[PDB]
Participant: 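Got a structure here, written out as C-alpha cells. Questions coming.
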Amino acid sequence: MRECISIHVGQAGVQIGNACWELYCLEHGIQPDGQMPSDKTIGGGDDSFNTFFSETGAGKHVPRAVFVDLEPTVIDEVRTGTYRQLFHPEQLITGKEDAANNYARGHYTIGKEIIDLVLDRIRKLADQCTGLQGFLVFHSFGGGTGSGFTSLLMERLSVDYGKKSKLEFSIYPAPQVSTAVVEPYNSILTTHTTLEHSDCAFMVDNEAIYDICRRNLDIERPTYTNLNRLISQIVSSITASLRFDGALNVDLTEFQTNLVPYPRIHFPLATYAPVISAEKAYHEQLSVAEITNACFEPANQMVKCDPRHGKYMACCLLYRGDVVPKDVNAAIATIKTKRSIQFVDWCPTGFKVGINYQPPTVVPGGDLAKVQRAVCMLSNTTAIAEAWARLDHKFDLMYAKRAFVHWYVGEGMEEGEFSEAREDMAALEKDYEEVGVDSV
Amino acid sequence: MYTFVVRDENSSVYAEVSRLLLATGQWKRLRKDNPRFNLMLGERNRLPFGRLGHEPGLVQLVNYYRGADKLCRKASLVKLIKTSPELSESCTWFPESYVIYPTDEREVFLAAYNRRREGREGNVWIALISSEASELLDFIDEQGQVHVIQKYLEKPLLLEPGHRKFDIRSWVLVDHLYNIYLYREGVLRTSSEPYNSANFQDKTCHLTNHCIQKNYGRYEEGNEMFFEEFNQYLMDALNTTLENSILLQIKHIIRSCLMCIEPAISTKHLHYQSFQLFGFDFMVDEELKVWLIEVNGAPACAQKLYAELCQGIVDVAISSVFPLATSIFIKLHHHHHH
Amino acid sequence: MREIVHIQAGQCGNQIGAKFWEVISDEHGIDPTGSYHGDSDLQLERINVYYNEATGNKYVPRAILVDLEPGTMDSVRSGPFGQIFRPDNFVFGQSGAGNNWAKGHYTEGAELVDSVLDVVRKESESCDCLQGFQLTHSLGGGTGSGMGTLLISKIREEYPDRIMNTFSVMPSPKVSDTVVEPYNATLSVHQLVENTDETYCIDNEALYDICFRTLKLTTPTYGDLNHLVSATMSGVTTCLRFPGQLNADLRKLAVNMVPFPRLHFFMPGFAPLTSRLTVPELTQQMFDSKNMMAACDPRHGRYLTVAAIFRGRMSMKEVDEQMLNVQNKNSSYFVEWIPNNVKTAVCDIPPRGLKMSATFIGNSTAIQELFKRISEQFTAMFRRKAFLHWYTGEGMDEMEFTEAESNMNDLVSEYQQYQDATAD
Ligand SMILES: Nc1nc2c(ncn2[C@@H]2O[C@H](COP(=O)(O)OP(=O)(O)OP(=O)(O)O)[C@@H](O)[C@H]2O)c(=O)[nH]1
Ligand SMILES: Nc1ncnc2c1ncn2[C@@H]1O[C@H](COP(=O)(O)OP(=O)(O)CP(=O)(O)O)[C@@H](O)[C@H]1O
Ligand SMILES: Nc1nc2c(ncn2[C@@H]2O[C@H](COP(=O)(O)OP(=O)(O)O)[C@@H](O)[C@H]2O)c(=O)[nH]1
Ligand SMILES: [Ca+2]
Ligand SMILES: [Mg+2]
C-alpha cells in the first residue's frame with residue numbers, strides 16, 4: 001500500500017504526464033495494453049509499483065491518474081495514442097472551452113463547471129486505495145487551466161482529504177516557449193492560492209530545461225517533446241523511491257522531513273546528472289564521484305538560480321543504477337572537505353542519500369544516452385527565491401499600469417486579489433531572506 | 001573647498017562652468033600643472049588620462065571619457081557602427097557610409113554604388129557633394145587624409161516658408177555613473193537660401209553650418225530655430241508633435257550609441273571618474289525619419305542656452321561628486337525584457 | 001471545435017470578404033463546389049473554424065453576406081467562389097446606402113437588421129463551441145460603417161461573452177472623393193471602441209501609398225489595394241486556421257494583444273509586399289514603416305504588444321535569433337513595462353505565390369496618427385457643419401457628433417499616455 005494518485009492539469013501537466021507514464025511503463029516492464037508478464041499476482045498486490053498502478057482481474061495495470069483539461073485537443077491525443085488502452089475513459093476528463101491564459105477563467109468561470117466532476121473521478125481512484133498516501137499535481141504556472149483550475153482543485157482537495165499529502169510539479173514560464181504575456185500574473189495568483197495547500201513543490205524552469213537540451217543534447221531548437229522527455233527523467237528519479245523497493249532506498253517522505261524546515265519553505269531545487277547524448281556516452285563511463293560533483297554545477301539545475309550565492313538548508317541525493325555505499329560516502333566526504341557549499345547555521349551539514357539499483361531507462365528514439373548510473377539532488381537553498389524575484393518583478397511592471405487586469409476583472413476578480421497575492425509573495429521572498437540570516 | 005584646473009582656454013562651454021564654480025565660493029582654481037585638483041577641465045588633444053587618479057586623499061574627476069573619440073571621429077563612427085553587433089551593418093538610422101583612404105573599403109563602396117546606377121535610383125554621396133564616383137575618389141586622393149563617403153539624403157524635410165534645409169543639435173551629458181542626460185532644449189541650425197535638387201555647386205542651401213551661412217538671418221535670429229517654435233510648426237503644418245515625430249528616434253539613437261561603448265569607456269570601477277558633454281547632429285527626412293550625421297566630443301552651445309546648460313553640468317556632473325553646503329535634463333533609460 | 005462566424009457588410013466588406021474566402025479556400029484545398037482536393041491533413045485539422053461540413057463530404061463557408069444595395073451581392077454570386085456560399089445566407093436590401101451612416105445605423109439598416117440576425121442565429125445555434133464573430137467592412141460608406149456597427153451592437157446583446165473581431169477599412173481622400181467619409185469614420189470608430197474586442201485597421205491611405213510609391217503603380221485600382229488586404233487577412237488568421245501553440249483562437253489573441261479594453265486597434269504588416277527573402281530581411285521589413293497597412297510610423301510611438309507570424313520552411317533557431325535581434329536593436333520602441341510583449345509563431349505551410357512570408361500584428365501607440373488624421377478632416381467640415389442635414393434629416397442630434405469626436409480624441413490622449421509612461 002501507500003498509493004499515490006497523480007493529477008495532470010492543462011496542456012503542460014497532461015503532456016508531461018504522457019511522458020512520465022510512458023517512462024514508468026518501460027521501467028516496470030508494462031506493455032501499452034497494460035499487461036505486465038513479470039507480475040505473477042493477477043488482480044492485485046502490494047508490490048512497490050502498485051503505489052502508482054492498480055490492477056484489473058484481466059491482468060491490466062492501470063495508472064492511478066486523472067488527466068484534466070478544459071479543452072479536448074491534448075487529451076484527445078492520449079485517447080487515440082499509443083497508450084490509450086492503459087487508461088479508463090473516466091480518468092480522461094475534458095471540457096469544451098479553455099481558460100484562454102486567464103487564471104480567473106480556470107479558477108472561477110470555466111473551472112467551476114467541471115470541478116465536481118473531477119473530484120468525483122478522483123474519489124473513485126481514492127476508494128480503490130487501501131492506504132492512500134497523497135497526491136502529485138502536475139501543472140503549468142502560465143496557463144489559465146494550469147494556474148486557475150489547479151488552484152481551485154488544490155483548495156477542494158484540502159477540504160475533501162484533510163492533511164493528506166499534496167506534492168506539486170510546477171512548470172515555471174520561459175520566454176523561449178511562453179504563449180502568453182500574462183503568465184507572470186497567473187504564476188503569482190496560483191502560487192498565492194496554492195501555498196497553504198501544498199506540502200512540497202518541485203519547480204521546473206522551462207528555460208533551464210531548454211538550455212540543457214541545447215547545451216547537453218545538442219538540440220538546436222528544443223520542442224515540448226524534447227523538454228518533456230528530460231523532465232520525465234527527473235520526475236522518475238523523484239518518484240522512484242515510491243515505485244521501487246530496495247535495501248538502500250529512502251522514501252520520498254523521509255526526504256521531505258529534511259527538505260521542509262517551515263511550511264512555506266517547501267520548494268526544493270532539483271539537479272540531475274548525467275544528461276549526455278549517445279555519441280558522447282560512447283567509450284565514457286561517468287563514475288559516482290563525477291555525477292555527484294555535477295549536482296553542484298548550476299548548468300544542471302531545473303531552476304536558473306545560483307546556490308553558490310545562497311545557503312543550504314538541506315541536501316538530498318537520489319541515486320539509481322550501479323551505485324554502492326562506499327563510493328557515495330567517499331564522493332560526499334570530498335564535497336564537505338572541499339567546502340563549496342555553506343549551510344545556514346541552524347541546519348546540520350548532512351546529506352540524506354537513497355539508492356535504487358534499477359538503472360535509468362530511456363524512451364526509444366529519444367535524445368538521452370542510456371547510462372549505468374544517474375543521480376538527482378534535491379536541495380533546499382535560499383537561491384530558489386531568485387526565481388520568485390524574477391516573476392515578481394515582471395508582475396510589478398505590468399500591475400503598476402493595470403495592464404491586462406480588465407481580463408481578470410471581467411471574469412469576476414477584484415484588484416484586491418492581485419495585491420493580496422503579491423504581498424504574500426513579498427512575504428515569501430522575505431521568509432527566504434530571514435532563514436538565511438545567521439542566528440543571534 | 002574643492003579645487004580645479006582649466007587646461008582648454010578655447011572652450012566656451014567650460015569657461016562658463018569655471019565661472020559658475022568660482023562664483024559658488026566653494027571652488028578654487030589652481031594653475032594648470034598643480035596636480036592636487038579635484039576636477040580637471042581637460043585639453044582636447046593628448047589628455048593625460050594615465051596621470052589621473054593617483055593622488056591620495058583626492059577624489060579626481062575629468063570632463064572627458066577616454067575612448068569616447070571612437071564615437072566622435074567620422075571614420076571611427078562608421079567603423080564602430082559597422083563592427084558592433086548592437087548597431088550592426090543593417091542599422092536603420094545611420095546613412096550608408098564607407099571609410100576611404102587616399103593614396104579600407106573602396107572596393108566594397110564601388111560595388112554598392114554601381115548597383116544603384118543599374119537600379120535607377122538616387123545616387124548622390126558626400127565627403128564635397130557629387131553624384132558621379134570619379135569626382136569623389138579624385139577629390140580624396142587629392143584632398144589629403146582619411147575620408148568618409150556617406151549617402152547624401154536626397155529628400156530632406158524642408159521648413160516653410162522658404163523651402164529650407166536644417167539639422168538638429170541635441171546636447172547630451174553622460175555623468176560618472178553613466179546616466180545619459182538629454183538636455184530638454186535642442187536647436188535647429190537652418191539654411192536660409194532655399195533648397196535645390198540640381199544645384200550642387202552652391203553649398204549654402206546644402207550645408208547648414210552656423211558659419212557657412214554668411215542672404216542670412218531672415219526667418220530666425222542667427223539661423224537658430226528652437227524647440228517651442230519648431231514644435232508649433234510641426235503641429236500647424238504637419239499635425240504632429242516634436243516629441244512623437246522626431247524626439248523618440250533621437251532618444252533611441254543617443255541611448256543606443258552610448259550603451260554600445262559603455263563597456264569600453266565607463267569609469268565605474270576606475271581610480272578616476274569621467275563625465276562628458278556630447279553634441280549629436282541629426283538630419284530629418286521628408287517621411288519624418290531621423291538620421292544620425294555625427295557626434296561631436298567638444299560641442300559648443302547656442303548663445304541663448306549657455307547659462308542654463310552649464311549650470312546643469314555643474315548640478316548633475318560636478319556637484320553629484322563634489323556636493324556643496326526643476327530639471328533641465330531628460331534621463332535616457334530603457335529596460336525592455338526579452 | 002472552435003467555430004468563427006464571418007460577416008461581410010457593404011461594398012468594401014463583401015469585396016474583401018470574397019477575396020478572403022478565395023485565398024483561404026485555396027490554402028485549405030477547397031474548390032468552388034466545396035470539395036477537398038488537397039495534399040495534406042494539416043489543411044483539414046481545423047477546417048471547422050471557418051467551414052461547415054455539409055452532406056456529401058462538402059465544406060461550406062460559415063459566412064453571412066449583407067448589403068442595403070442588392071447589386072453588389074449579384075457580383076459576389078457571379079464570382080469564382082460565389083457558388084460555394086450558402087444561398088439563404090444572402091441578406092440584401094433595396095435603397096442602398098448613399099454613403100450615409102445614419103441610414104445604415106438608425107433607419108434603412110435598422111429595418112434590415114433582424115433578417116441578418118436570423119441567419120447569424122442559425123449559424124451560431126449549430127456550433128459546438130462558438131469563438132465569436134469576424135466582420136469585414138469599411139468605415140467611409142453607409143452600410144458597412146453604420147449598419148455594420150449596428151450589427152456589432154446587436155450581436156453583443158445576444159452573445160455578450162463572445163469575441164467580436166473586425167477588419168475595418170479606413171477612408172482616405174487619396175482613394176475616394178466622397179467628402180462625407182470623415183463623419184462616417186468618426187461615428188463608426190465611436191462604436192468600435194466600445195463594442196469590439198479586436199479591430200484590424202486596414203488603412204486605404206497606407207494601401208494607396210504602398211501601391212503608388214513602393215510597388216510603382218501609377219493608377220492603383222481597388223483590385224491592387226485588395227491584393228494587399230487579402231494577404232494581410234490570410235496572414236493574421238493563419239494562427240486561427242492551422243494547428244499551433246500561439247494565439248490559436250480569438251480570445252487568446254485578445255488576451256495577448258489588448259492590455260487596455262479600448263486600445264484594441266491593431267496595425268497589421270506584411271513582407272514581402274507584391275503586386276500581381278531571408279528571415280533577417282523578413283524580420284527587418286516587418287518592423288519598418290513601408291510595410292504597414294496603417295499610415296503610421298511605428299518609430300513615432302511604442303509597441304504595447306506584437307504578434308509576428310512566419311510562414312514557410314525556415315530555421316526556427318534563425319527566427320528566434322532575428323526576433324531577439326530586432327527587439328534589442330529597437331528596444332526603445334517597445335514599452336518596458338510589459339515584459340515579453342512580442343510573440344512569435346512559425347507555420348510551415350507558406351501562402352500561395354511565396355516560399356516564405358511574414359505577417360505582423362502590432363498594438364502601437366503610433367496608431368494615433370491615423371485617428372488624428374480622421375479627426376482633422378472631421379473637424380474641418382464639422383466646424384462649418386458641412387452636410388449635417390444628411391444625418392439630422394434621419395433623426396440624429398448634432399450632440400452625437402460632438403460625443404463621437406470627443407471619444408475618438410479621448411482614445412488619442414490614451415495612446416499618448418501609455419506612450420509617455422515609464423517603469424519608474
Ligand atoms: N515543459 C512543458 N511546458 C509546457 C508544455 N505545454 C505548455 N507548456 C508551458 O505551459 C505554459 C502555458 O500553459 P498551458 O499548460 O499550455 O495552459 P493550460 O494549462 O492548458 O491553460 P489554457 O490553455 O489557458 O486553458 C507556458 O509556460 C508553456 O511554455 C509542455 O508540454 N511541456
Ligand atoms: N548625409 C548627409 N545628408 C544631408 N546633409 C548632410 C549629410 N552629411 C552632412 N550633411 C550636412 O553638412 C553639415 C555639416 O556636416 P557635418 O556635421 O558632417 O561635419 P562638421 O560639422 O563636423 C564640419 P567641421 O568638422 O569642419 O566643423 C550638416 O549640418 C548637414 O547639413
Ligand atoms: N480597400 C478597399 N476599399 C474600398 C473597397 N470598396 C470600397 N472601398 C472604400 O470604402 C468606402 C466606401 O464604402 P462602401 O463599402 O463603398 O460603402 P457601403 O457599401 O455603402 O457600405 C470608401 O472609402 C472606399 O474607398 C474595396 O474593395 N477595397
Ligand atoms: Ca500483482
Ligand atoms: Mg490549454
Side-chain angles (χ1 to χ4, degrees), chain A residues 8-20 28 30 34-50 53-57 59-62 67-75 77 94-107 109-111 114 138-151 169-184 186-187 190 203-210 212-213 222-232 234-235 302 391 407, chain C residues 2 245-249 251-252 255-256 340 343:
Chain A
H8 301 275
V9 181
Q11 182 184 99
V14 167
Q15 290 184 161
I16 291 165
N18 296 344
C20 291
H28 297 298
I30 297 169
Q35 296 295 313
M36 183 188 174
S38 74
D39 179 15
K40 308 314 178 192
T41 48
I42 301 157
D46 69 338
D47 289 300
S48 292
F49 62 78
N50 295 115
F53 296 86
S54 55
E55 297 181 42
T56 73
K60 186 144 86 174
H61 293 67
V62 181
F67 282 61
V68 199
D69 201 352
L70 304 186
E71 182 261 322
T73 291
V74 180
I75 291 177
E77 280 167 44
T94 52
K96 291 278 158 50
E97 179 181 14
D98 72 34
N101 296 317
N102 189 335
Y103 175 96
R105 289 177 70 81
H107 196 279
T109 309
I110 305 302
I114 209 178
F138 294 78
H139 69 102
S140 61
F141 277 165
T145 299
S147 61
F149 191 72
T150 301
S151 276
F169 284 95
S170 298
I171 315 309
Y172 174 103
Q176 291 87 344
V177 290
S178 78
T179 47
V181 182
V182 297
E183 290 190 31
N186 294 340
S187 302
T190 195
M203 293 198 283
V204 189
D205 191 351
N206 273 346
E207 199 176 320
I209 303 309
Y210 197 83
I212 292 155
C213 289
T223 62
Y224 289 144
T225 302
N226 301 127
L227 301 181
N228 296 353
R229 278 210 244 272
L230 179 51
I231 294 160
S232 276
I234 296 148
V235 169
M302 282 210 302
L391 273 181
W407 290 114
Chain C
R2 313 303 325 288
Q245 224 49 219
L246 184 266
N247 294 339
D249 63 81
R251 192 176 293 282
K252 279 183 180 202
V255 171
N256 281 342
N340 308 108
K343 302 310 205 211

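We count ligands from 1, going down the list as the structure has it; atoms in each ligand are counted the same way. So that the names make sense, note that chain A is the first sequence line, chain B the second, and so on, each numbered from 1.
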Participant: Side chains of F141(A) and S147(A), heavy atoms from C-beta outward: is any pair under 4.5 Å?
Facilitator: no
Participant: Considering only the protein, which heavy-atom contact is closest to atom 31 (O) of ligand 1, and what is its distance?
Facilitator: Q15(A) NE2, 2.8 Å
Participant: Between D98(A) and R251(C), does any side-chain N to carboxylate O distance fall below 4.0 Å?
Facilitator: no
Participant: Which residue from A180(A), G146(A), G143(A) reaches closest to atom 12 (C) of ligand 1 through any of its heavy atoms?
Facilitator: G143(A)
Participant: Report the nearest protein non-hydrogen atom to atom 14 (P) of ligand 1: residue, atom name, distance rounded to 0.1 Å.
Facilitator: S140(A) OG, 3.5 Å
Participant: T179(A) to ligand 1: N or O pair under 3.5 Å?
Facilitator: no
Participant: Provide, to 0.1 Å, the distance between atom 32 (N) of ligand 1 and the closest protein heavy atom, together with that atom's residue and name.
Facilitator: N228(A) OD1, 2.7 Å
Participant: As an exercise, state the distance from CD1 of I42(A) to NE2 of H61(A), rounded to the nearest 0.5 Å.
Facilitator: 9.0 Å
Participant: Counting from 1, what ligand 1 atoms have a heavy atom of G10(A) closer than 4.0 Å?
Facilitator: 19 (O), 20 (O)
Participant: So if I apply the side-chain contact (heavy atoms from CB on, under 4.5 Å) rule between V204(A) and each of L227(A), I231(A), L230(A), which one comes out positive?
Facilitator: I231(A)
Participant: To the nearest 0.5 Å, tell me how far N18(A) CG sits from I75(A) CD1.
Facilitator: 9.0 Å
Participant: Starting from atom 6 (N) of ligand 1, find the nearest protein heavy-atom neighbour and note its residue, name and distance.
Facilitator: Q11(A) OE1, 3.0 Å
Participant: Assess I231(A) for proximity to ligand 1: is some non-hydrogen atom of it under 4.0 Å away?
Facilitator: yes
Participant: How open is the angle at the Ca ion (ligand 4) from atom O of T41(A) over to atom OE1 of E55(A), rounded to 10 degrees?
Facilitator: 80°
Participant: Can you tell me how far apart OH (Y103(A)) and OG (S151(A)) are? Round to the nearest 0.5 Å.
Facilitator: 3.5 Å
Participant: Which of the numbered atoms in ligand 1 are under 4.0 angstrom from any heavy atom belonging to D98(A)?
Facilitator: 23 (O), 25 (O)
Participant: Name the closest protein heavy atom to atom 3 (N) of ligand 1, giving the residue it belongs to and the distance to 0.1 Å.
Facilitator: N206(A) ND2, 3.2 Å
Participant: Let me confirm one number: the CZ-OG1 distance from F67(A) to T94(A), rounded to the nearest 0.5 Å.
Facilitator: 13.0 Å
Participant: Angle at the Ca ion (ligand 4) between OD2 of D39(A) and O of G44(A), to 10°?
Facilitator: 150°
Participant: Heavy-atom distances under 4.0 Å decide this one: backbone, side chain, both or neither, for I171(A) against ligand 1?
Facilitator: side chain
Participant: Nearest 0.5 angstrom please: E71(A) CD to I110(A) CD1, how far?
Facilitator: 12.0 Å
Participant: May I ask you to identify the nearest protein heavy atom to atom 23 (O) of ligand 1, giving residue, atom name and distance to one decimal place in Å?
Facilitator: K252(C) NZ, 3.0 Å
Participant: Is there a polar contact between ligand 1 and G144(A), counting only N or O atoms under 3.5 Å apart?
Facilitator: yes
Participant: What verdict does the side chain to side chain donor-acceptor pair (under 3.5 Å) test give for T179(A) and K252(C), after you've listed the backbone C-alpha separation in whole Å, the side-chain angles of each residue and the deciding distance to 0.1 Å?
Facilitator: CA-CA 9 Å; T179(A) 47; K252(C) 279 183 180 202; 6.0 Å; no
Participant: Just heavy atoms, cut-off under 4.0 Å: does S147(A) contact ligand 1 by side chain, backbone, both, or neither?
Facilitator: neither
Participant: I'd like to know if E71(A) contacts ligand 1, where contact means a heavy-atom distance under 4.0 Å to any ligand atom.
Facilitator: no
Participant: Look up atom OH in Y224(A) and atom CD1 in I171(A), then write down how far apart they are to the nearest 0.5 Å.
Facilitator: 10.5 Å
Participant: Please classify the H139(A) to ligand 1 contact at 4.0 Å (heavy-atom distances, strictly less than): side chain, backbone, both or neither.
Facilitator: neither
Participant: Is the closest side-chain heavy-atom distance between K60(A) and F53(A) below 4.5 Å?
Facilitator: no
Participant: Look at the aromatic rings of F138(A) and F169(A) and report parallel, tilted or perpendicular, splitting at 30° and 60°.
Facilitator: parallel
Participant: Enumerate the atoms of ligand 1 whose separation from the nearest heavy atom of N101(A) is less than 4.0 angstrom.
Facilitator: 24 (O)
Participant: Determine whether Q11(A) and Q245(C) make a side-chain contact, defined as any pair of heavy atoms from C-beta on separated by less than 4.5 Å.
Facilitator: yes
Participant: If you have a sec, work out which protein heavy atom is nearest atom 29 (O) of ligand 1 and how many Å separate them, to one decimal?
Facilitator: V177(A) O, 2.9 Å
Participant: Any salt bridge linking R105(A) with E97(A)? Criterion: basic side-chain nitrogen under 4.0 Å from a carboxylate oxygen.
Facilitator: yes
Participant: So if I count the atoms of ligand 1 from 1 in the order they appear, which ones are less than 4.0 Å from some heavy atom of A100(A)?
Facilitator: 24 (O)
Participant: Kindly confirm or rule out an N or O of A99(A) lying under 3.5 angstrom from an N or O of ligand 1.
Facilitator: yes
Participant: Who's the nearest protein heavy-atom neighbour of atom 21 (O) of ligand 1, and how far?
Facilitator: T145(A) N, 3.0 Å
